[PDB]
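*Asks:* build me a model:
(chains A, B, C, D and E)
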Amino acid sequence: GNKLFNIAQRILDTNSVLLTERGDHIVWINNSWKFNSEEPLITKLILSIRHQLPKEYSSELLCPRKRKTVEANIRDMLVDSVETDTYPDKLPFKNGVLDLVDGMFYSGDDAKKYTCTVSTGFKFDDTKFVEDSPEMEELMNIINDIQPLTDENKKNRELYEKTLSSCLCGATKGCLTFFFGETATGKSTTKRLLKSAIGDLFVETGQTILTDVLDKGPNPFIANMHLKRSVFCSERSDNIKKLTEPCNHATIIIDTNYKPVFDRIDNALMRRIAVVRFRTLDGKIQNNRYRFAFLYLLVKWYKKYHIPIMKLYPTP
Amino acid sequence: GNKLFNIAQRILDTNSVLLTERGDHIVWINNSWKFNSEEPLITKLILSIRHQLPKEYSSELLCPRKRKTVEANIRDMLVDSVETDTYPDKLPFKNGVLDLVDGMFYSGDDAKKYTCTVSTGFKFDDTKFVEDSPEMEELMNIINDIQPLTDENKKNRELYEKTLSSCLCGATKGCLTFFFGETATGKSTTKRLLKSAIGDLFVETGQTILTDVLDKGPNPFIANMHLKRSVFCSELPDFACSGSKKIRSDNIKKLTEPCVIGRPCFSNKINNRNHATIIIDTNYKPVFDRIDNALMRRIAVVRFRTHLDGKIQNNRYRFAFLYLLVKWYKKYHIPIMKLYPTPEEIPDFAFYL
Amino acid sequence: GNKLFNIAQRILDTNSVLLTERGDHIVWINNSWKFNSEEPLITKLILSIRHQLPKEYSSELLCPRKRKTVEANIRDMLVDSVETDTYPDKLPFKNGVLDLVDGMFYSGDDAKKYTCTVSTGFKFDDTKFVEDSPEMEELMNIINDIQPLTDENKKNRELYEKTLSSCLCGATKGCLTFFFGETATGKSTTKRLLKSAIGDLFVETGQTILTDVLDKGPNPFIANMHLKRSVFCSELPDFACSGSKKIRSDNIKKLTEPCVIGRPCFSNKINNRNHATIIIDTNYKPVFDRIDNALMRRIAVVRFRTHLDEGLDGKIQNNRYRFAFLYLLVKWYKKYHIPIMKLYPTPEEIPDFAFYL
Amino acid sequence: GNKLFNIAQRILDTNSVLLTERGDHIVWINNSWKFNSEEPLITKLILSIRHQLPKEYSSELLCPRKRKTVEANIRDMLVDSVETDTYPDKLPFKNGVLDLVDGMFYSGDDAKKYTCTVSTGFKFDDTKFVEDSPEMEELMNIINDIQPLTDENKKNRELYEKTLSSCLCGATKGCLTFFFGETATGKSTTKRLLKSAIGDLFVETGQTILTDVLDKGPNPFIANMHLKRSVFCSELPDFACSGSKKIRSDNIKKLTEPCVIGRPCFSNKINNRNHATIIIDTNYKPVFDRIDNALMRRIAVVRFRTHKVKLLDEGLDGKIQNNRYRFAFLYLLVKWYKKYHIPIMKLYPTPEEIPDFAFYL
Amino acid sequence: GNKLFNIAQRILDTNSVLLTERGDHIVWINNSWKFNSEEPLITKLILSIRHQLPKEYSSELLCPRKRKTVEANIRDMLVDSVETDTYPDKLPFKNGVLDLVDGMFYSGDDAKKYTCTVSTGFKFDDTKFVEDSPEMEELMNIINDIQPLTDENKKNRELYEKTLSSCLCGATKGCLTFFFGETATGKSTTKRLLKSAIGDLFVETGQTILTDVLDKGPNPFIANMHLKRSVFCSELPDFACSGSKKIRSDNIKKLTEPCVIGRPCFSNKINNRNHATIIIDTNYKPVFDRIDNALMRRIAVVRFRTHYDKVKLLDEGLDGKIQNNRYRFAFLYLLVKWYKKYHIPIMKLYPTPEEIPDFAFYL
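*Replies:* Numbers count the residues shown, from 1 in each chain, chains lettered A, B, ... in the order given. I have put the structure below:
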């Protein structure tokens, strides 16, 4: 007849605290799948959930030790692990997610089964996520200057569109991309536009990922890629074959200034290699005014190309 | 309902205890935002806020076992984090925040809004902040001795002014300062004036910051330069000798990002904010590990030419120097705070150009 | 409201507990400010101060589980920090503090004002602290044998007196002293006399501090010289042999600064206060890394020229001339360092230094 | 009131617990000062001293949670520290101390003023500390065989006796001794006899204390020399070969000081007390890095010249590890100490035994 | 009086728990002196001894909080330390102590008095420890195939028998032995045959200790030979190719004293008791650093010639029915018989210096 055990059972029934394969407890507070290995949030979860329980049950959660007892019961009652970040066609935010093939924004319980732990780093407000704005005029004008919307540059433009749209897929990508061009030819502009568009779903690394073995010494560059949907390499064939394995949601794109050279050249790596060529403001980018419009363009391109199947073709 | 829970709710209602984005708990005692991972700061706040509660809630907070319960409740009711030190043009003091753009010194509750947790470590007195006194006479004389106001030492004088004035702004900087010159010139005098002016906001770090990788396990030499406006890495050794490490060029790009990595012992706080205008007081021109085009945009050098110490240590010259510093700030950094590199001084850099 | 709360307030009213900027809690037991980061010190003071409170308050402090509650309130009532050791002209013993300007010995509440956390380690005897004593008569003979009172050895003996007398000032010194001389020249006897005189405020460390980058990793050899008033670095080896690491020139500049850098094991404090008078006990002329004018203002040298009493060391470890040397040092101090305390270099006594000059 | 406080006061009154300068709490159980830095032994003494209090206090100390309170009170009443090991002419055993000036055994409160924190590790049975025994003659036969009592080997014999007997005085010695000789000469026999005689006050440590620096990082090989009365540094290599580190002169110089610098692992204690007589069980001529008078004023040499050749005894080592000649050698050492180091304990160097020193002379 | 104190006194009077010099707390559960520095086993012993005490105390030792109190009482009565492993002629198994001078097998209290801490690892079966068995004949045949009993192999066989039999005595040995022979001769077969007989009292230490200074830094490969009856060294490379280090003369001198110097990683214990029976397995003739008379007193060689002098056929089941301890007790009986034949009065191993060409040259 333990009332605290019934409290623990009722809280566990709501599917709020989950055990992941990595040995951690993920909790659901304030419309976000938080997790902290250092300090557990189970007590905070109980204190926040206190409101949705009957009056006799909700009146004991104020003591700082009954909550510890309930935490012990809950962490003793979690036996099996769960699989998270299984849906690739959803884009996270700090107050919901975005479904792309149909293209609407979910919040609260309506987006809780979508167990995704990583986020983008900025909230979502849909009143400015519509085409009717001057800002989109400026943005696609900048896009057309950096990449002309013409016939002589049709294939390059479409490959650019597909490559930048592929960064929203929450799954493994099996094709390397290079941005090859000259100095001040939009590479910095493109990387900044991307990192303003998606945000925390983006990590920028260096040359080291393409010169050293990925399993020697303490190397976070393999660990900082964990559940990131975009990796931009600025500044080895085995590395090339390594980055295209499921274990990894990163679209691998390296910006280059000169013609590349590989350790070996064969047909094995030529089926995973694509390239584009560049042959052609900043103040309001850290301000991030060009954030939702570029996301809308990327969503439109994803709807244009990657609804039925997501797959990148090499361009030898 | 409860007696030990309404007290925690009331204490949280005063907006006195906040959670930082780094997991720290900042508290507001005696008109100062203080944070410490060792002291029971929340428990001290609970006892010090005892006078703002009704008479029935005041007789409970004397027993330590009740204050531990109150602190446990408060630690569990702080779920959403906050941003710290958002304003880059405010200077903190033990008893209030001084506005740099205007000049008025806000005290008490008016300084609560500016969430500046680091401080100078001493109270600020407006009486000594006057423009005219024998003290500032000694100062102007001394600095004109150290850096003459002559014509050739005019371009170097104004960039020296820029470097010393940038020591107040709480934003991420993007340059390297090198105090190049011969000995017995005034570099140590300038460093101690700056120390006496800015108090806690001044640290002196070792040379492992420059010539070693700052990512191996614990490193309190990085965790100390957290939000610090200026640090010193003086006494740079020679490099054209039989056995000597180099500046390790790749390490200086780590010093321009606002995300310097490094954790202290017995803790998990690994990332620290970089507000520092780090100054390298050297005697010889440095030699980096490798030289490239991305290095000439983040390096500035002051040349010391002109070839008392006891009263400086007595915080005597403090307020007049701070006043000179704020006047110098309100001439060069009012619209935008920015530092420009001086690459032409390095012989290698001039050769490349 | 609470009897223990009032008991804790009473202890704080006497201003016996203090909190320093370092994060430590210094206490006041037996006329001496004592601190320790491991031993229980606040509870010891709470038990000792029991014969100050009224009778109804003195009976609860006999319960050990009640002395951890009053101490818990005391730890919560200390909000701000205070400054310690700001008087450079006072020498503390285990039962008082001697004022060096005049020589009167304070003890009790009058000794509370000078917050000196370090202690010499023994009690000061007023009866032995007199000029006329047989021990003083023998000590004068021994010292005059170590350093003769002749004409050609006057400046050397005056600077020797200055260096020895500088060991009582609690302020940063801007010079390093080299004790150069051959074997059996009294440097060991002088060191042992100094150790018996100033006691705890005298530490000996290895040459690692002189030539090693004194920042990386724990270095308790520097964390030991926190607030110490004398540091003796003996056993400097020969440098003419191929394989001897030369003396690091930049470390000397670091050892003459008002705050040295370095951290002990299992701690997070890296800044230490430098009150020491660095004395290097060498046997040969030293060899440096690189010579410049940045160093000839920071080095002084004294030579020893007299080349035996077998029972001398017997009555040295027995602290026989403990107070006569103290009197001599005090008399020398109030002969050169009364207006201002500061040291001067002697670059002419070093061969390469003279060459550069 | 608070009988658990009156009990603590009574225990403190008898002066059984003390605080040392290093921070340890030495207790007094079974006529021996014991201490353990890892876990305190205050509760052990609290339980042991139960038979020296009235009956109403005797039944309270049977509850461990009632002994922790008394231990806390005792810990909170000790404020001042005391000095230890200030008597150099006493030799402590497990069950008392032996006074060497006249050689008398004190036990109980008769031996408590001499705060000796070290012990030999075994008991001293008076019945075998005499001359009338068969083992006594065997010991004399062994000793007179290792070092013959001739006239050509009298100075060597006297210096050998002085060096061996100096291992009982707990003061600082300022000379180093080299046990020079050929192999299978009896140096090992002398070492095991000394180990069986002085017990735990005998440590053998590797060569790192003469070739390397003792300041870089930890060095427990020197942290174990704290308050040991004799040390052996056997197995000296060939310096005439290629790639042999010489004995550093500074290392020799620092080892003859009242305080040595060196720290253990995971500790902050830097200074150790040096009471040890240093013996270098070598086989070849030592070679130093540099020669100067401060080095020839700290070297003593004794020679071993008996492989005259005697017959090997196979059962000799068997009845040595069995501590058979334990009290006989102790009696011999006491007799020699009563003859050589009564007024002042001092060691002297002999420079006319090493070729470089002889050339320097 | 205190019922939780008479129980502690009763448990102490049986001398079931002792205090060793190294600070550990050896207990006695299921006929074995177990010890654990990390966590204490006194609470296991307290519940195990529940039956010996009368029924009035039996119902009290079930609550863990009372067993904690009894453990706290017990830990405050162990004032004086005792000595362990002082009996050389005893072999400890997991269920008793085999007396080795006359070949009995004690158990329980009879095995308690011989305070032995290290154990063989497995159990002892008196039913299989017999001379009349087909496995005995099989093993007897294997030994004769590896080492024939021909008169040309008289000294080389009894020396081999003595060397193998010395691997049971728990006393310091003052000589070294060299298993020298060509590849595929029986050295590697002897090693697995021996390691299957004694068990834990056998470690295959690396080559390192013979060509390295075992003083500086940590040497866990030195701290491993704490009270191990036999240690085996293999992989002796050629002394002519690149990397030809020399067998240091002083190094073998240190592995003969009753106490060896060395500390493990992150520890301060520098003294280790030496019960080893160092055997160096070599294929080529070793070259030493320098040859002096003090070395030849601690050298022995056992030549192996059978594949040569004999061309016996290579068996395949040999390595199969060895690693699954078939000839475990059968080899034990042979070793005990040889020990009975060779060392009753005193254990001692003698050198054979007139067998290495360098020593023969020196002699």
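
*Asks:* show me what contacts the closest residue to chain B within the stretch 51-200 of chain A?
*Replies:* Nearest residue of the stretch 51-200 of chain A to chain B, counting by C-beta to the nearest C-beta: residue A:64, 3.9 Å away. (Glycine included, C-beta is placed from N, CA and C.) Remark: with contacts taken as C-beta atoms under 8 Å, 6 or more residues apart in numbering or on different chains, residue A:64 is in contact with B:69, B:72, B:73, B:76.

*Asks:* switch the cut-off to 7 Å
*Replies:* Counting by C-beta atoms under 7 Å, 6 or more residues apart in numbering or on different chains, residue A:64 makes contact with B:69, B:72, B:73.

*Asks:* could the residues you listed go into CSV alongside secondary structure?
*Replies:* Formatted as CSV, the contacts of residue A:64 follow (DSSP: H, G, I helix; E, B strand; the rest coil):
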residue, secondary structure
B:69, helix
B:72, helix
B:73, helix
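
*Asks:* which residue packs closest to the residue of the stretch 51-200 of chain A closest to chain B, ignoring adjacent ones?
*Replies:* residue B:72 (3.9 Å; C-beta to C-beta, 6 or more residues apart in numbering or on different chains).

*Asks:* find the closest residue to chain C in chain A.
*Replies:* Here chain A gets closest to chain C at one residue, residue A:64, 17.8 Å apart by C-beta to the nearest C-beta.

*Asks:* how near is residue A:312 to chain D?
*Replies:* Taking C-beta to the nearest C-beta, to the nearest Å as the measure, residue A:312 and chain D are separated by 54 Å.

*Asks:* just give me the neighbour total for that residue.
*Replies:* By the measure other C-beta atoms under 10 Å in any protein chain shown, the count of residues near residue A:312 is 20.

*Asks:* swap in residue A:62?
*Replies:* Residue A:62 is flanked by 19 other residues according to other C-beta under 10 Å.

*Asks:* for it, phi and psi?
*Replies:* Dihedral pair for residue A:62: phi -90, psi -20, per degrees, to the nearest 10.

*Asks:* what sits against it?
*Replies:* If a contact means C-beta under 7 Å, 6+ apart, then residue A:62 has B:1, B:2, B:5 as its contacts.

*Asks:* and if you look at residue A:229?
*Replies:* Neighbours of residue A:229 in contact, by C-beta under 7 Å, 6+ apart: A:167, A:168, A:170, A:198, A:201, A:249, A:250, A:251.

*Asks:* can you put those residues in CSV and add neighbour count?
*Replies:* Compiled in CSV, the contacts of residue A:229 are given as follows (neighbours: other C-beta atoms under 10 Å in any protein chain shown):
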residue, neighbour count
A:167, 24
A:168, 25
A:170, 21
A:198, 23
A:201, 24
A:249, 21
A:250, 21
A:251, 22
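
*Asks:* quick check, the residue in chain A closest to chain E?
*Replies:* Using C-beta to the nearest C-beta, the single residue of chain A nearest to chain E is residue A:72, 18.2 Å away.

*Asks:* what's around that residue, how many residues?
*Replies:* The number of residues packed near residue A:72 is 13, by other C-beta under 10 Å.

*Asks:* check residue A:307 too.
*Replies:* Other residues within reach of residue A:307, judged by other C-beta under 10 Å, total 12.

*Asks:* same deal with the one 3 residues further on?
*Replies:* Residue crowding around residue A:310 was assessed by other C-beta under 10 Å; the count is 20.

*Asks:* give me phi/psi at it?
*Replies:* Backbone torsions of residue A:310, given as degrees, to the nearest 10, read phi -100, psi 120.

*Asks:* now do the contacts for it.
*Replies:* A:166, A:169, A:171.

*Asks:* was I right to think the last one contacts residue A:87?
*Replies:* Same thing as residue A:171. No: between residue A:171 and residue A:87 there is no contact under C-beta atoms under 7 Å: 9.0 Å.

*Asks:* on that earlier part again, which among the contacts of residue A:310 end up buried?
*Replies:* Judged by neighbour count, with 16 or more other C-beta atoms under 10 Å in any protein chain shown as the criterion, the buried members of those are A:166, A:169, A:171.

*Asks:* ok, the second one touching residue A:88?
*Replies:* The one in question is residue A:169. Yes: here residue A:169 lies in contact with residue A:88, judged by C-beta under 7 Å, at a distance of 5.3 Å.

*Asks:* spit out the residues that contact the two alike.
*Replies:* Taking C-beta under 7 Å, 6+ apart as the criterion, residue A:169 and residue A:88 do not both touch any residue.
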